[PDB]
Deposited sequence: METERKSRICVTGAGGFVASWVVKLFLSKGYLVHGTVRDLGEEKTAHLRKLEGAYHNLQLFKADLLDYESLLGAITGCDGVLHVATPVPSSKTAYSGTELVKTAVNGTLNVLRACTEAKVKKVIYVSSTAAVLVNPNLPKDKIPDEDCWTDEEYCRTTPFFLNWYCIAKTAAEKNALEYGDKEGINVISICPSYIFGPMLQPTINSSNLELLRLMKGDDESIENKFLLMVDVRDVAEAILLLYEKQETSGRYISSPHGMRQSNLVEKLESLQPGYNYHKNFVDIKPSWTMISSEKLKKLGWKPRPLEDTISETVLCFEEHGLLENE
């Protein structure tokens, strides 16, 4: 049986693809460039030579996606750009990429008569809501206030607007017949990298390791291992009696405390040590855990990320 994976060369999508290959699936992975160095890390995957088929598609090109999707039993829409802190993005076109790419993907699956789709969203589509009270522990029923991100300026405002809009489009599309559409919304994703380039979430983790002197927000990070996300996606695809959103955010700490456990597990780096100073920080991943999902302890995720960092020569 064949499943499609959008952006197979991405941080998350590479582990998704590696895992699905290990389980006997036939993968159709889409990439925007088939050059050997971009796709090297995907070709090397065990089982890939015979059961991995990479296409050159773009989310805004309906035809290329149709070609990559035709004949697939499922498809895992993972492809959405994730802006870096050390850069600027155009909200207009990120919103355009996310929503229109999603619409195209969904149209292609209705055409190819795909049975199940799994859209990878984010907690950014759940938590950013100022009206939801404090005695409320947010879950899969809480949505992000599009009004609020459109009103108030903060980095990743447009990212959140794009993620919520794309996830509402996908979920709502799922209530026809013959088409079950799931959504998974992880929080900040950390873990060892398969791709040669470092992604955004891992870069802000790396930022905390190369100390500086600027005064950062002591934000509360909620975190999940990328390998756990992949196995969650496996679990949600294979089990039939699934429907709706599923939050995957097992761990959560202040940046203060994350630096100190990192310092405790991985000494030998001048970690950043200059912060200053809620509720929602405790969303229940239980809808997932009730299916058997068992995340790994944060220490291993942390230690395996730092050593892949070192292997990539990012620490000198």
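Unmodelled regions of the deposited sequence, numbered from residue 1: 1-6, 284-285, 325-326.
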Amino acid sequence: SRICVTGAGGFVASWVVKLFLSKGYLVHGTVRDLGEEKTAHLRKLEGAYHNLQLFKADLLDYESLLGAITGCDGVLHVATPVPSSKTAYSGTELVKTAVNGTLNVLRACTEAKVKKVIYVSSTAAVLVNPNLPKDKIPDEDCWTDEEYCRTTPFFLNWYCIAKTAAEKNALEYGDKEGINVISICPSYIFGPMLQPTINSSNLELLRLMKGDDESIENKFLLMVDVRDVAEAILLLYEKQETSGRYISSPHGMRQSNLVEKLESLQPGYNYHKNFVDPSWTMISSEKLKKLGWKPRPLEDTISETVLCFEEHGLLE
From here on, numbers count along this sequence of modelled residues.
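As the entry records it, the average C-alpha temperature factor is higher for 175-183, out of 175-183 and 118-126. The stretch 129-137 shows the higher mean C-alpha B-factor when 71-79 is compared against 129-137 in the entry.
Comparing the listed residues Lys287, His28, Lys56, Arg254, the entry records the largest Cα B-factor for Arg254. Out of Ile247, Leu66, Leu52, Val276, the entry records its largest CA B-factor for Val276. In the PDB entry, a CA B factor belonging to the middle third of its chain's modelled residues is recorded for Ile198. When the modelled residues of the chain are ordered by C-alpha B-factor, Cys308 sits in the middle third. In the PDB entry, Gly9 places in the lowest third of its chain by CA B-factor. When the CA B factors of the chain's modelled residues are split into thirds, the value for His272 lands in the highest one. Ranked by Cα temperature factor within the chain, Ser85 sits in the highest third according to the deposited record.
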